[PDB]
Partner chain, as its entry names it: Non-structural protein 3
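Read the single chain below, which is given as C-alpha cells and is the form solved without its partner chain.
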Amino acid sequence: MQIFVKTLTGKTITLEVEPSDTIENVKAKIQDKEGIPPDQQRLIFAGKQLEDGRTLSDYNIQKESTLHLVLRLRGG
C-alpha cells in the first residue's frame, strides 16, 4: 500500500509497506530511506504513538493516508 509522511518541514515522502508490517519493520524502512535514526523521530497517527512490535492493521489505517512525523520534544 502507498502512504505519505508529512514532516514538520513540509516535506512529503512516499513509502510502500504492508498492513501486517510491524512498526519496528516500518521504522527500518524510514531509517534506510531518509537515513535518520529511529531514536531521533517519533511516528504519530490518529493521535497514537506507534509502539515497536505492533502491526499497522492494529490501528485500522487506510491506504494513501498521511502519517504525522515528529522529531523530538523540546526540552533541556
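Positions refer to the first chain, counted from 1.
Same protein, other form: the form solved in complex with its partner chain, not shown, and the subject of what follows.
Handout entry: Contact of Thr66 with its partner chain in the deposited bound form (heavy atom, 4.5 Å)
Key = Heavy-atom contact with its partner chain at 4.5 Å: present for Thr66.
Exercise for the section: Using a 4.5 Å heavy atom cut-off, state whether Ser20 contacts its partner chain in the deposited bound form. Expected result: It does not: once its partner chain is placed as it appears in the deposited bound form, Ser20 has no heavy atom within 4.5 Å of it.
Problem - Residues in 1-35 with any heavy atom within 4.5 Å of its partner chain in the deposited bound form - result: Heavy-atom contacts to its partner chain in the deposited bound form: only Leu8.
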